[PDB]
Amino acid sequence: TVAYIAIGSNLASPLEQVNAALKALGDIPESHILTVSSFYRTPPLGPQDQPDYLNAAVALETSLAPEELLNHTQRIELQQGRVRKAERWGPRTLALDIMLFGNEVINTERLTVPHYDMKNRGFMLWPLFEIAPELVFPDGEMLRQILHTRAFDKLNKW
């Protein structure tokens, strides 16, 4: 199954954390990285004192069940990052999100796939579009169409 995973880091110097996370993703049992998007820099909207995020998308081939994959991404979050005691704004220093999991639709207590809010997030859509411009969602929506309908500002590279 090809799963698409979004990575976000809000560290001031996020490169080493992102690399540790990438290596960890490739180390997941029965899985390996097919492709990684460029690293993108995404703004603090409104309040400026917020730091830039590094965002990227990863295509991961995996034979694991979706919930097993989630187990691993959550483990990697716990191992490679921390929870900011500030607010809900920036929850964790490292965020791993399962955007798509093959052509599967998932709606459980633990897992909503396609990711529940990804169509609202340019920082998820643009890096994904770089590595999968032809992507079609399980319901037939098209990544290209979502970007064509909404007009999200392009992201600069890290």
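All residue numbers refer to positions in the sequence shown, first residue = 1.
The stretch 101-109 shows the higher mean C-alpha B-factor when 117-125 is compared against 101-109 in the entry.
For the two regions 26-34 and 47-55, the entry's Cα B-factors average higher over 47-55.
Comparing the listed residues 135, 18, 147, 11, the entry records the largest Cα B-factor for 11. Residue 72 sits in the middle third of its chain by CA B factor, as recorded in the PDB entry. Ranked by C-alpha B-factor against the other modelled residues of its chain, residue 151 falls in the highest third.
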